[PDB]
>>> print(open('start22.txt').read())   # compact mmCIF, C-alpha atoms and all ligand atoms
# COMPACT_ATOMS: atom_id res chain seq x y z
CA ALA A 1 0.00 0.00 0.00
CA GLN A 2 1.40 3.35 -1.04
CA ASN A 3 1.87 6.17 1.60
CA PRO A 4 0.78 4.05 4.57
CA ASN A 5 1.60 6.78 7.17
CA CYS A 6 -0.81 9.19 5.23
CA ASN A 7 1.77 11.92 4.80
CA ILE A 8 1.00 15.02 2.73
CA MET A 9 2.74 14.57 -0.63
CA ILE A 10 4.16 17.34 -2.82
CA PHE A 11 4.21 16.99 -6.60
CA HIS A 12 6.23 18.77 -9.27
CA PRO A 13 4.59 17.90 -12.66
CA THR A 14 6.40 18.73 -15.84
CA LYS A 15 4.69 20.87 -18.47
CA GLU A 16 3.78 17.72 -20.35
CA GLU A 17 2.31 16.07 -17.27
CA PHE A 18 0.27 19.30 -16.62
CA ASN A 19 -1.81 18.82 -19.76
CA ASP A 20 -4.23 16.19 -18.65
CA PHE A 21 -5.78 17.08 -15.29
CA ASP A 22 -7.72 13.84 -14.71
CA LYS A 23 -4.71 11.72 -15.58
CA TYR A 24 -2.46 13.60 -13.10
CA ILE A 25 -5.01 13.24 -10.22
CA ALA A 26 -5.13 9.50 -10.94
CA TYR A 27 -1.29 9.43 -10.94
CA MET A 28 -1.12 11.17 -7.57
CA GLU A 29 -3.58 8.62 -6.15
CA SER A 30 -1.45 5.74 -7.63
CA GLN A 31 1.34 7.05 -5.35
CA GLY A 32 -0.96 7.17 -2.29
CA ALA A 33 -1.52 10.95 -2.14
CA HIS A 34 -5.19 10.67 -1.17
CA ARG A 35 -4.38 8.81 1.99
CA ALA A 36 -3.31 12.15 3.57
CA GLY A 37 -6.54 13.95 2.62
CA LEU A 38 -4.50 16.78 1.06
CA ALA A 39 -1.69 17.17 -1.54
CA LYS A 40 0.34 20.11 -2.82
CA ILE A 41 1.01 20.61 -6.56
CA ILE A 42 3.77 23.01 -7.64
CA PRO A 43 3.11 24.00 -11.29
CA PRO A 44 5.94 23.71 -13.86
CA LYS A 45 8.03 26.83 -14.20
CA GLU A 46 6.64 27.51 -17.72
CA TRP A 47 3.07 27.92 -16.41
CA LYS A 48 1.21 30.98 -15.25
CA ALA A 49 -2.41 31.55 -14.18
CA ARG A 50 -2.64 34.98 -15.78
CA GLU A 51 -0.24 37.78 -16.82
CA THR A 52 -0.57 40.10 -13.81
CA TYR A 53 -2.68 40.83 -10.73
CA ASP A 54 -2.38 44.64 -11.22
CA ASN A 55 -6.02 45.11 -12.27
CA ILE A 56 -8.12 43.27 -9.61
CA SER A 57 -8.93 46.13 -7.23
CA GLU A 58 -12.38 46.81 -8.58
CA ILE A 59 -13.78 43.32 -7.91
CA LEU A 60 -16.62 43.66 -5.36
CA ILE A 61 -16.87 41.79 -2.12
CA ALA A 62 -20.66 42.19 -1.72
CA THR A 63 -20.88 40.66 1.77
CA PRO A 64 -17.59 40.64 3.72
CA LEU A 65 -17.84 38.39 6.77
CA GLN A 66 -16.42 39.30 10.23
CA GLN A 67 -15.41 36.07 11.93
CA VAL A 68 -16.28 36.38 15.62
CA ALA A 69 -15.00 33.61 17.95
CA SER A 70 -16.41 32.09 21.16
CA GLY A 71 -14.74 29.51 23.41
CA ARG A 72 -11.16 28.90 24.44
CA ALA A 73 -7.97 29.40 22.39
CA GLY A 74 -7.69 25.84 21.23
CA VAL A 75 -11.42 24.92 21.03
CA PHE A 76 -13.76 27.58 19.65
CA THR A 77 -16.56 28.31 17.23
CA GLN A 78 -16.90 31.27 14.89
CA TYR A 79 -19.95 33.04 13.54
CA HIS A 80 -19.99 35.22 10.51
CA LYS A 81 -21.27 38.75 10.93
CA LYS A 82 -22.19 40.42 7.64
CA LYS A 83 -20.49 43.77 6.84
CA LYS A 84 -21.10 46.39 4.20
CA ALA A 85 -19.79 45.83 0.67
CA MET A 86 -16.35 46.82 -0.29
CA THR A 87 -14.00 46.53 -3.27
CA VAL A 88 -10.87 44.33 -3.29
CA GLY A 89 -8.80 47.56 -3.16
CA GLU A 90 -10.68 48.73 -0.10
CA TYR A 91 -10.37 45.25 1.51
CA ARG A 92 -6.59 45.11 0.81
CA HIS A 93 -6.12 48.49 2.52
CA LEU A 94 -8.13 47.23 5.50
CA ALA A 95 -6.10 43.98 5.72
CA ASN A 96 -2.89 46.12 5.77
CA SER A 97 -4.13 48.51 8.47
CA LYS A 98 -2.64 48.48 11.97
CA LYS A 99 -5.82 46.85 13.38
CA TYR A 100 -5.65 43.82 10.98
CA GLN A 101 -2.11 43.45 9.65
CA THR A 102 0.13 40.42 10.26
CA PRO A 103 2.39 40.98 13.31
CA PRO A 104 6.09 40.78 13.16
CA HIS A 105 7.27 37.20 13.25
CA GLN A 106 10.33 34.99 12.75
CA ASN A 107 9.06 32.27 10.48
CA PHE A 108 5.87 30.33 9.69
CA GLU A 109 6.11 28.28 12.93
CA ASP A 110 6.27 31.45 15.07
CA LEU A 111 3.23 32.85 13.20
CA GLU A 112 1.36 29.56 13.72
CA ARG A 113 2.06 29.83 17.49
CA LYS A 114 0.76 33.38 17.50
CA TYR A 115 -2.38 32.36 15.55
CA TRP A 116 -3.36 29.65 18.04
CA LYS A 117 -2.52 31.80 21.05
CA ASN A 118 -4.34 34.91 19.97
CA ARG A 119 -6.94 34.18 17.23
CA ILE A 120 -9.97 34.31 19.52
CA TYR A 121 -9.19 37.84 20.68
CA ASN A 122 -9.67 39.33 17.25
CA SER A 123 -12.42 39.35 14.59
CA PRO A 124 -10.81 39.36 11.10
CA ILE A 125 -12.93 40.06 7.97
CA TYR A 126 -13.02 37.42 5.15
CA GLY A 127 -14.28 37.85 1.51
CA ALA A 128 -15.57 34.36 0.88
CA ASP A 129 -17.39 32.39 -1.58
CA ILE A 130 -17.43 35.02 -4.37
CA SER A 131 -18.47 33.42 -7.67
CA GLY A 132 -15.82 34.15 -10.30
CA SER A 133 -12.33 33.36 -11.67
CA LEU A 134 -8.91 34.98 -12.02
CA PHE A 135 -7.55 32.46 -14.56
CA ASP A 136 -6.91 33.94 -17.99
CA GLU A 137 -9.12 32.34 -20.60
CA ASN A 138 -6.03 31.48 -22.54
CA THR A 139 -4.52 29.41 -19.70
CA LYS A 140 -5.27 25.88 -20.87
CA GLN A 141 -3.67 23.81 -18.10
CA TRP A 142 -5.21 23.58 -14.58
CA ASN A 143 -7.60 26.41 -15.27
CA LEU A 144 -10.15 26.00 -12.44
CA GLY A 145 -12.93 27.58 -14.59
CA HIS A 146 -12.43 24.89 -17.37
CA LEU A 147 -12.56 21.67 -15.45
CA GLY A 148 -14.91 18.79 -16.29
CA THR A 149 -18.13 19.27 -14.32
CA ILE A 150 -19.35 17.06 -11.50
CA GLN A 151 -22.69 16.67 -13.31
CA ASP A 152 -20.87 15.33 -16.36
CA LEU A 153 -18.83 12.96 -14.19
CA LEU A 154 -21.98 11.55 -12.55
CA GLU A 155 -23.49 11.16 -16.00
CA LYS A 156 -20.42 9.44 -17.39
CA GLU A 157 -20.18 7.01 -14.42
CA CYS A 158 -23.80 6.28 -13.71
CA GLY A 159 -25.71 7.23 -16.87
CA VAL A 160 -28.10 9.71 -15.26
CA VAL A 161 -28.31 13.20 -16.71
CA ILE A 162 -28.93 15.88 -14.06
CA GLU A 163 -29.44 19.66 -13.77
CA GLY A 164 -26.81 21.88 -12.14
CA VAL A 165 -23.66 23.76 -12.73
CA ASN A 166 -20.16 23.82 -11.14
CA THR A 167 -18.29 27.13 -11.07
CA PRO A 168 -15.28 28.48 -9.11
CA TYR A 169 -15.17 30.77 -6.15
CA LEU A 170 -12.77 33.52 -5.02
CA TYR A 171 -11.60 34.07 -1.43
CA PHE A 172 -9.95 37.27 -0.24
CA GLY A 173 -8.26 36.76 3.16
CA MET A 174 -6.36 38.62 5.81
CA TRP A 175 -4.35 37.70 8.90
CA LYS A 176 -6.28 35.30 11.15
CA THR A 177 -9.09 34.62 8.65
CA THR A 178 -10.07 31.05 9.38
CA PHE A 179 -11.58 28.05 7.65
CA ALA A 180 -13.30 25.72 10.12
CA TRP A 181 -12.99 21.91 10.21
CA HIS A 182 -14.99 20.37 7.32
CA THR A 183 -15.15 18.00 4.44
CA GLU A 184 -16.53 19.16 1.07
CA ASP A 185 -20.24 19.05 0.16
CA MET A 186 -21.10 15.43 -0.66
CA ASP A 187 -17.45 14.57 0.33
CA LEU A 188 -16.24 15.89 -3.05
CA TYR A 189 -12.67 16.77 -3.92
CA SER A 190 -11.60 20.38 -3.86
CA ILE A 191 -8.79 22.22 -5.62
CA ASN A 192 -7.47 25.54 -4.38
CA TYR A 193 -5.03 27.88 -6.16
CA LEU A 194 -3.38 30.66 -4.13
CA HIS A 195 -3.24 33.46 -6.76
CA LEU A 196 -1.40 36.10 -4.77
CA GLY A 197 -0.32 37.40 -1.41
CA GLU A 198 0.50 35.81 1.88
CA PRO A 199 0.40 32.09 2.71
CA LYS A 200 -2.39 29.79 3.89
CA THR A 201 -1.66 27.12 6.57
CA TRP A 202 -3.68 23.89 6.32
CA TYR A 203 -4.44 21.09 8.74
CA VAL A 204 -5.89 17.76 7.51
CA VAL A 205 -7.10 14.41 8.91
CA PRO A 206 -6.55 11.28 6.71
CA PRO A 207 -9.90 10.08 5.26
CA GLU A 208 -9.45 6.72 6.86
CA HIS A 209 -9.46 8.45 10.27
CA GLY A 210 -12.19 11.01 9.76
CA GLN A 211 -14.59 9.37 12.24
CA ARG A 212 -11.95 9.97 15.02
CA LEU A 213 -12.17 13.64 14.39
CA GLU A 214 -15.99 13.51 14.38
CA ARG A 215 -16.03 11.70 17.74
CA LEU A 216 -13.73 14.29 19.28
CA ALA A 217 -15.84 17.10 17.86
CA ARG A 218 -19.00 15.62 19.44
CA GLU A 219 -17.17 15.58 22.80
CA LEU A 220 -15.86 19.15 22.46
CA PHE A 221 -19.01 20.72 21.10
CA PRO A 222 -21.70 18.80 22.95
CA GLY A 223 -24.67 21.24 22.45
CA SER A 224 -23.96 21.47 18.73
CA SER A 225 -23.77 17.71 18.45
CA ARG A 226 -27.21 17.32 20.08
CA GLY A 227 -28.57 19.87 17.62
CA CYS A 228 -27.34 18.10 14.50
CA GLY A 229 -25.86 14.68 13.78
CA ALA A 230 -23.58 16.31 11.12
CA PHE A 231 -22.78 19.66 12.68
CA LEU A 232 -19.35 19.92 11.13
CA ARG A 233 -21.29 20.61 7.90
CA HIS A 234 -22.05 24.01 9.51
CA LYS A 235 -18.41 24.96 9.10
CA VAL A 236 -18.01 26.79 12.43
CA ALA A 237 -15.81 24.60 14.71
CA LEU A 238 -12.10 24.95 15.32
CA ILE A 239 -9.78 22.60 17.21
CA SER A 240 -6.05 23.39 17.52
CA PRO A 241 -3.16 21.08 16.68
CA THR A 242 -2.24 20.95 20.38
CA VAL A 243 -5.75 19.71 21.28
CA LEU A 244 -5.73 17.19 18.41
CA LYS A 245 -2.34 15.81 19.66
CA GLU A 246 -3.65 15.63 23.27
CA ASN A 247 -6.57 13.50 22.05
CA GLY A 248 -4.53 11.23 19.76
CA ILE A 249 -6.15 12.40 16.51
CA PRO A 250 -4.01 11.67 13.43
CA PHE A 251 -3.38 14.82 11.36
CA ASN A 252 -0.82 16.67 9.24
CA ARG A 253 -0.09 20.30 8.45
CA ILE A 254 1.42 22.22 5.54
CA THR A 255 1.73 25.85 4.37
CA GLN A 256 0.61 26.82 0.86
CA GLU A 257 2.33 29.78 -0.83
CA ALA A 258 1.31 31.93 -3.74
CA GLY A 259 1.54 30.09 -7.03
CA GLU A 260 0.77 26.67 -5.53
CA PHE A 261 -2.25 24.34 -5.81
CA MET A 262 -3.72 22.25 -3.05
CA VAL A 263 -6.07 19.30 -3.63
CA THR A 264 -8.35 17.97 -0.92
CA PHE A 265 -9.54 14.39 -1.32
CA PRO A 266 -12.97 12.86 -0.56
CA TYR A 267 -13.74 12.79 3.16
CA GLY A 268 -10.43 14.59 4.07
CA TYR A 269 -11.35 16.91 6.95
CA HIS A 270 -9.39 20.16 6.74
CA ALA A 271 -9.10 23.54 8.48
CA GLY A 272 -6.65 26.45 8.38
CA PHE A 273 -5.86 30.13 8.40
CA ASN A 274 -4.43 32.92 6.27
CA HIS A 275 -1.16 34.69 7.13
CA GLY A 276 -2.07 38.08 5.68
CA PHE A 277 -3.77 39.66 2.65
CA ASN A 278 -4.27 37.01 -0.07
CA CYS A 279 -6.52 35.80 -2.81
CA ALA A 280 -7.39 32.13 -3.53
CA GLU A 281 -9.66 30.43 -6.05
CA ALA A 282 -11.25 27.06 -5.40
CA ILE A 283 -13.79 24.66 -6.90
CA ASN A 284 -15.14 21.18 -6.19
CA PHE A 285 -14.60 18.31 -8.60
CA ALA A 286 -15.21 14.58 -8.88
CA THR A 287 -13.51 11.46 -10.24
CA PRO A 288 -14.78 7.89 -10.56
CA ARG A 289 -13.36 7.12 -7.10
CA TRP A 290 -15.55 9.82 -5.54
CA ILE A 291 -18.86 8.11 -6.35
CA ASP A 292 -18.70 5.71 -3.43
CA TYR A 293 -17.89 8.54 -1.03
CA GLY A 294 -20.80 10.59 -2.33
CA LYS A 295 -23.19 7.71 -1.67
CA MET A 296 -22.03 7.54 1.98
CA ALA A 297 -21.62 11.26 2.81
CA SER A 298 -23.28 12.51 5.91
CA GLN A 299 -25.80 15.12 5.72
CA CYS A 300 -27.03 18.09 7.80
CA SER A 301 -30.88 18.19 7.78
CA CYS A 302 -31.28 20.68 10.75
CA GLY A 303 -31.41 23.74 8.53
CA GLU A 304 -28.05 25.26 9.29
CA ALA A 305 -25.81 24.04 6.45
CA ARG A 306 -27.84 25.55 3.49
CA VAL A 307 -26.02 24.91 0.18
CA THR A 308 -25.99 25.36 -3.57
CA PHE A 309 -28.63 24.50 -6.06
CA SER A 310 -26.52 21.72 -7.56
CA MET A 311 -26.38 19.58 -4.38
CA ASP A 312 -30.02 18.68 -4.81
CA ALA A 313 -29.40 16.28 -7.64
CA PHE A 314 -26.42 14.67 -5.95
CA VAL A 315 -28.58 13.80 -2.88
CA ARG A 316 -31.53 12.81 -5.00
CA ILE A 317 -29.63 10.33 -7.17
CA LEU A 318 -26.89 9.05 -4.78
CA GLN A 319 -28.91 9.12 -1.50
CA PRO A 320 -32.61 8.69 -2.32
CA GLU A 321 -33.48 7.37 1.16
CA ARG A 322 -32.10 10.61 2.75
CA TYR A 323 -33.49 12.97 0.14
CA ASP A 324 -36.85 13.91 1.67
CA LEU A 325 -35.36 14.68 5.12
CA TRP A 326 -32.45 16.61 3.65
CA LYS A 327 -34.73 18.68 1.35
CA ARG A 328 -36.94 19.61 4.36
CA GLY A 329 -33.75 21.03 5.92
CA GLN A 330 -33.19 23.07 2.77
CA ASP A 331 -36.83 24.46 3.02
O1 LIG A 401 -9.32 28.84 1.35
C1 LIG A 401 -10.34 28.72 2.11
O2 LIG A 401 -10.82 29.63 2.92
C2 LIG A 401 -11.11 27.45 2.25
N1 LIG A 401 -10.87 26.58 1.10
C3 LIG A 401 -11.19 25.30 1.15
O3 LIG A 401 -11.81 24.72 2.17
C4 LIG A 401 -10.92 24.44 -0.04
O4 LIG A 401 -10.29 24.85 -1.01
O5 LIG A 401 -11.48 23.31 0.10
MG MG A 402 -10.81 45.08 -10.96
NI NI A 403 -12.71 22.92 1.77
ZN ZN A 404 -27.12 20.77 10.86
>>> encode(input="start22.txt", output="structure tokens")
Amino acid sequence: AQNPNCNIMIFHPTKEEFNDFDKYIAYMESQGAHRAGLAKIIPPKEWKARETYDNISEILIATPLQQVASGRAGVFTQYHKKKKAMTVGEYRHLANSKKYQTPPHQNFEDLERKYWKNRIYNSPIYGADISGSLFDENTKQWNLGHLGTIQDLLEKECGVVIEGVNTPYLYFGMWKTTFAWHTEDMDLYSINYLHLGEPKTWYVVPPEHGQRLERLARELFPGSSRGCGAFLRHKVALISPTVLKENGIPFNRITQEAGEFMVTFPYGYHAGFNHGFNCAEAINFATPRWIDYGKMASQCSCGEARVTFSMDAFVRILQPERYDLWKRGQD
């Protein structure tokens, strides 16, 4: 068995290997990359996402979210308070202001220590889930707006034609902006490209050990667990690496820098934080190996998780027994 310790693997495809996206994901899995839940892909030196980032300031962040924490430093939840619209240029200036800017630090490990010590005492503002793309239309390799759609994959594997679309999303971050512990909708893959700015640190639990994380989360968040049998779908709970180590939960960590791709694999729980002003683009995708994970994915039916139009068909076709309860949660 390849990668039996479930380490995060880093890949350096050549320009030739960067042509066929599906083929390279299958290659990475042949080497055991999915066992970690997360992989890093460094593009060949010949590749670029677009020519420059000099003209992005007029993009609108219609609903910036202030991420307010409750709990203790290593075990907390966050809620998202809606703020007034602002442009990317306005948001960048805010991220760089004395109130929000990255503190002085020695290296990524010192910054990580400062994040876990001090995150809860601040409320950073995140531009999340903005439909759109920063890939040039002429970029033909690993262009996250030109991937094969999940609806086409389901149709190719299973024969059923379904409604829905699959488009990318932009994220504008600042110091301490935080992504809570989660797997993707329907335990899909994700791919994330860091277009510009400061790094993103990731934490990940191997898919084979995801239920260990869920059992810890039920212990640590006992009211939330009573409320919903899949409350991590709400995307609000944080648990630090120190707490994970104290409870014996297997995990790994890695820092993504600008110009790098990360892939999350089906049922790989992940969480993390941004180091400073940055912009990422991400989208979900599927492969044949996903189908069995989609059929088994948990679902939130309490009303909190509320998701895209296109998840309807995935539930309806892969999980018909759960469909009526889940749809009631959507309504
Ligand atoms: O970058 C972020 O805030 C969160 N991204 C992801 O969870 C992802 O790409 O799957
Ligand atoms: Mg612009
Ligand atoms: Ni994710
Ligand atoms: Zn729920």
>>> closest_atom_pairs(input="start22.txt", of="segment 20-109 of chain A", to="segment 181-203 of chain A", cutoff="9 Å", atoms="all atoms listed in the file", output="Markdown table")
| residue | atom | partner | partner_atom | distance |
| --- | --- | --- | --- | --- |
| A:38 | CA | A:203 | CA | 8.8 |
| A:49 | CA | A:195 | CA | 7.7 |
| A:53 | CA | A:196 | CA | 7.7 |
| A:108 | CA | A:201 | CA | 8.8 |
>>> atom_distance(input="start22.txt", atom1="atom CA of residue 265 of chain A", atom2="atom CA of residue 63 of chain A")
28.8 Å
>>> atom_distance(input="start22.txt", atom1="atom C2 of ligand LIG 401 (chain A)", atom2="atom CA of residue 17 of chain A")
26.3 Å
>>> residues_around(input="start22.txt", residues="segment 165-174 of chain A", least_positions_apart="5", cutoff="7 Å", atoms="all atoms listed in the file", output="compact mmCIF listing (two decimals) with C-alpha atoms, in the coordinates of the input")
# COMPACT_ATOMS: atom_id res chain seq x y z
CA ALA A 95 -6.10 43.98 5.72
CA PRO A 124 -10.81 39.36 11.10
CA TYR A 126 -13.02 37.42 5.15
CA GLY A 127 -14.28 37.85 1.51
CA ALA A 128 -15.57 34.36 0.88
CA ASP A 129 -17.39 32.39 -1.58
CA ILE A 130 -17.43 35.02 -4.37
CA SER A 131 -18.47 33.42 -7.67
CA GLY A 132 -15.82 34.15 -10.30
CA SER A 133 -12.33 33.36 -11.67
CA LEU A 144 -10.15 26.00 -12.44
CA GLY A 145 -12.93 27.58 -14.59
CA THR A 149 -18.13 19.27 -14.32
CA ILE A 150 -19.35 17.06 -11.50
CA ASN A 274 -4.43 32.92 6.27
CA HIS A 275 -1.16 34.69 7.13
CA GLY A 276 -2.07 38.08 5.68
CA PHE A 277 -3.77 39.66 2.65
CA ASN A 278 -4.27 37.01 -0.07
CA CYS A 279 -6.52 35.80 -2.81
CA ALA A 280 -7.39 32.13 -3.53
CA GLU A 281 -9.66 30.43 -6.05
CA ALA A 282 -11.25 27.06 -5.40
CA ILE A 283 -13.79 24.66 -6.90
CA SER A 310 -26.52 21.72 -7.56
>>> atom_distance(input="start22.txt", atom1="atom CA of residue 82 of chain A", atom2="atom CA of residue 102 of chain A")
22.5 Å
>>> closest_residue(input="start22.txt", among="A:231, A:156, A:73, A:210", to="residue 117 of chain A", atoms="all atoms listed in the file")
A:73
>>> closest_atom_pairs(input="start22.txt", of="chain A", to="ligand MG 402 (chain A)", cutoff="10 Å", atoms="only C-alpha atoms and all ligand atoms", output="JSON lines")
{"residue": "A:53", "atom": "CA", "partner": "A:MG402", "partner_atom": "MG", "distance": 9.2}
{"residue": "A:54", "atom": "CA", "partner": "A:MG402", "partner_atom": "MG", "distance": 8.4}
{"residue": "A:55", "atom": "CA", "partner": "A:MG402", "partner_atom": "MG", "distance": 5.0}
{"residue": "A:56", "atom": "CA", "partner": "A:MG402", "partner_atom": "MG", "distance": 3.5}
{"residue": "A:57", "atom": "CA", "partner": "A:MG402", "partner_atom": "MG", "distance": 4.3}
{"residue": "A:58", "atom": "CA", "partner": "A:MG402", "partner_atom": "MG", "distance": 3.3}
{"residue": "A:59", "atom": "CA", "partner": "A:MG402", "partner_atom": "MG", "distance": 4.6}
{"residue": "A:60", "atom": "CA", "partner": "A:MG402", "partner_atom": "MG", "distance": 8.2}
{"residue": "A:87", "atom": "CA", "partner": "A:MG402", "partner_atom": "MG", "distance": 8.5}
{"residue": "A:88", "atom": "CA", "partner": "A:MG402", "partner_atom": "MG", "distance": 7.7}
{"residue": "A:89", "atom": "CA", "partner": "A:MG402", "partner_atom": "MG", "distance": 8.4}
>>> build_atoms(input="start22.txt", residues="segment 286-302 of chain A", atoms="N, CA, C and O atoms", output="compact mmCIF listing (two decimals), in the coordinates of the input")
# COMPACT_ATOMS: atom_id res chain seq x y z
N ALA A 286 -15.00 16.02 -9.09
CA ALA A 286 -15.21 14.58 -8.88
C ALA A 286 -14.34 13.76 -9.83
O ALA A 286 -13.89 14.24 -10.87
N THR A 287 -14.13 12.53 -9.42
CA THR A 287 -13.51 11.46 -10.24
C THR A 287 -14.34 10.22 -10.03
O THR A 287 -15.20 10.14 -9.19
N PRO A 288 -14.05 9.14 -10.82
CA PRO A 288 -14.78 7.89 -10.56
C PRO A 288 -14.69 7.41 -9.12
O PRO A 288 -15.68 6.86 -8.56
N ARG A 289 -13.52 7.55 -8.46
CA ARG A 289 -13.36 7.12 -7.10
C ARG A 289 -14.24 7.87 -6.08
O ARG A 289 -14.57 7.32 -5.03
N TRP A 290 -14.66 9.08 -6.47
CA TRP A 290 -15.55 9.82 -5.54
C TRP A 290 -16.91 9.18 -5.33
O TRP A 290 -17.52 9.34 -4.26
N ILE A 291 -17.45 8.49 -6.40
CA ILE A 291 -18.86 8.11 -6.35
C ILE A 291 -19.22 7.37 -5.03
O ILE A 291 -20.25 7.70 -4.40
N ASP A 292 -18.37 6.43 -4.64
CA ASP A 292 -18.70 5.71 -3.43
C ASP A 292 -18.70 6.59 -2.18
O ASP A 292 -19.49 6.36 -1.22
N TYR A 293 -17.85 7.60 -2.14
CA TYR A 293 -17.89 8.54 -1.03
C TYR A 293 -19.14 9.41 -1.08
O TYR A 293 -19.78 9.68 -0.03
N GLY A 294 -19.57 9.86 -2.24
CA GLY A 294 -20.80 10.59 -2.33
C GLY A 294 -22.04 9.86 -1.84
O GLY A 294 -22.89 10.41 -1.21
N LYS A 295 -22.08 8.57 -2.09
CA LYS A 295 -23.19 7.71 -1.67
C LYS A 295 -23.24 7.58 -0.17
O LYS A 295 -24.33 7.35 0.40
N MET A 296 -22.13 7.72 0.52
CA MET A 296 -22.03 7.54 1.98
C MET A 296 -21.92 8.83 2.75
O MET A 296 -21.88 8.77 4.00
N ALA A 297 -21.88 10.00 2.11
CA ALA A 297 -21.62 11.26 2.81
C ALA A 297 -22.69 11.54 3.83
O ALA A 297 -23.92 11.41 3.54
N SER A 298 -22.29 12.02 4.99
CA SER A 298 -23.28 12.51 5.91
C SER A 298 -23.97 13.72 5.38
O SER A 298 -23.51 14.49 4.47
N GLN A 299 -25.14 13.93 6.00
CA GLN A 299 -25.80 15.12 5.72
C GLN A 299 -26.40 15.89 6.91
O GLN A 299 -26.79 15.25 7.91
N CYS A 300 -26.35 17.20 6.84
CA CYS A 300 -27.03 18.09 7.80
C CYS A 300 -28.50 18.21 7.24
O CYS A 300 -28.68 18.71 6.13
N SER A 301 -29.44 17.93 8.07
CA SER A 301 -30.88 18.19 7.78
C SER A 301 -31.51 19.16 8.80
O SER A 301 -32.75 19.32 8.74
N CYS A 302 -30.71 19.82 9.72
CA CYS A 302 -31.28 20.68 10.75
C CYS A 302 -31.61 22.02 10.23
O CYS A 302 -32.18 22.80 10.98
